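In the structure tokens that follow, the same protein chain appears in two forms, which are kept apart as structure 1 and structure 2.
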Structure 1
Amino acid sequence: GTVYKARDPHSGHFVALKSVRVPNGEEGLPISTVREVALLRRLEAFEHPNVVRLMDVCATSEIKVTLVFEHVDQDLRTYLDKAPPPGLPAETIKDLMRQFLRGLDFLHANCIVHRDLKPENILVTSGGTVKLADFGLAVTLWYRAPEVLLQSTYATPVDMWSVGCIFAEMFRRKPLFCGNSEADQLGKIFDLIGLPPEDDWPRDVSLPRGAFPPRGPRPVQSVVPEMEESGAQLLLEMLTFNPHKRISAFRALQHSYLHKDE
């Protein structure tokens, strides 16, 4: 189970080879193994350009399942740290957001929730094309949605919150909220978006609202003033507490801020 990596000189095809062993001594292949791998196989029927493509799946007769994945070297963190000293230009940030959202909207549309999006999981080709990876095969809390920090239910809106955090990080180039535990990271969020009201709080949950002091929402230009007015509004619709009011990926791709102007 050592991860391997190879490039093909005749076409530049870059591969990675993940291998996972499964038990399977009674009822053959496990249910999860056969479901999770098949879900990955369904995705590549569409060959989406913003998600890493799976190549083959080799099984071995005490069962080893080896997945040959598309491999790119740079992740978003490396891309961000290599930016021009002033930072990424606006049109580049918009282009990265668009592809990011396209890929995420593809996964959500196929009932896949990333649930752990961080700049280390977002990968960028040398040609400036982002591909999402690490999903549907089975820490830092800086990017987890507040409904996850509260051990409540997840759904696909968890990924849109993560997008909000990464959206602002491309401007700040230091992360948005960096907390030490679940309770405190929740606090740093409320110091920006304000402590949510009463009935906007989830019910069956791990921390009551009384665990947090009254706090009003400070402006968003407080945090990312490198960003135009419309981009500020779009960020808030991602950094919206209630997951049912939070913007979707598809709706974000239609926001005026990401509309390519030619």
Structure 2
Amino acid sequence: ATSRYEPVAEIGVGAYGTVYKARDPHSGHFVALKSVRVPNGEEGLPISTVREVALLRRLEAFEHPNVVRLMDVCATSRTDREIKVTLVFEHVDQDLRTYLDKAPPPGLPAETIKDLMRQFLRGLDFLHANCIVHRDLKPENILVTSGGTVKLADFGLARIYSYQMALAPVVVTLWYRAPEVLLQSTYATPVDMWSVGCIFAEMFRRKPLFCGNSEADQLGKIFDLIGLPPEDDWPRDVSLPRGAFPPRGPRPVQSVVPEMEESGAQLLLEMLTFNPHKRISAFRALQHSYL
């Protein structure tokens, strides 16, 4: 608080803190009040906070279907060395987990997937076009209110929230991070594509395709399926930046996934290449034989 919004339920706590939920009194709609702390410099609002938030508002005027809208923003608490900024948001009713959990399907469908994915890539390709790249691409940060929609969420935010690790938290659900995201810290756009195939698989029809914990543990977990790349496909440089220790080979896709189609295997492979360059494009994917 405070804001010309009246909260209710509390749809989540996680990385971006508590994500409570409110109504818009003089609009009569639902709103997802998130929030963040930033430092009150001697030069006022963090230059990088004003710029980042500002850009997220430079989007609501595209009205793109498969992305959520930053509806409003408010810097509430000023105090020497800290300002609190509530990010008012568009409010979906449920997420991709609550979607795949309330799952009637025993394994299927595929046209509730092929569309649903060809959709997912859309919002991603948009956000990318505008130079936005997502960190926490997850079933938490994917959603649909009803009628099927797929409004991507918590986009960009990573930059705005750099001040979070002054709490050094929290969940760190590193199930989806790219082979670079914590083998280094590249924060490239392709790393945002990796997280796609990890959701692409998890949809058939279970739980995380690579959930573990340790950076290297997941890194090795990953090699199990794809196969350890020989050089020169091997980078640097820091943060227990292990070289090749456990030596492995290329394992079939449909193997541990029941069960990808002719292409569904081959595409998820293009998606999940190790080398971010010969990876796949957010768009070129969005028009593969798999459609």
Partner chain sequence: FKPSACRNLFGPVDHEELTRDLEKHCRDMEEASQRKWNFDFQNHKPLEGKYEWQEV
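Residue numbering: structure 1 sequence, from 1. If you superpose the two forms and keep the largest set of C-alpha atoms that fall within 1.5 Å, you have the rigid core.
- Taken from the structure described as the form deposited without the partner chain is structure 2, whereas structure 1 is drawn from elsewhere.
- The Cα position of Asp199 differs by less than 2 Å between structure 1 and structure 2 after fitting on the rigid core.
- With a cut-off of 2 Å and the rigid core superposed, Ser19 has a Cα displacement that reaches or exceeds the cut-off between structure 1 and structure 2.
- With the core superposed, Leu39 shows a C-alpha displacement below 2 Å between structure 1 and structure 2.
- Comparing between structure 1 and structure 2 on a rigid core frame, one finds that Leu96 has its C-alpha moved by 0.9 Å.
- In the core-superposed comparison between structure 1 and structure 2, the CA atom of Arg7 travels 5.1 Å.
- Per-residue C-alpha deviation between structure 1 and structure 2, core superposed: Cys178, 1.4 Å.
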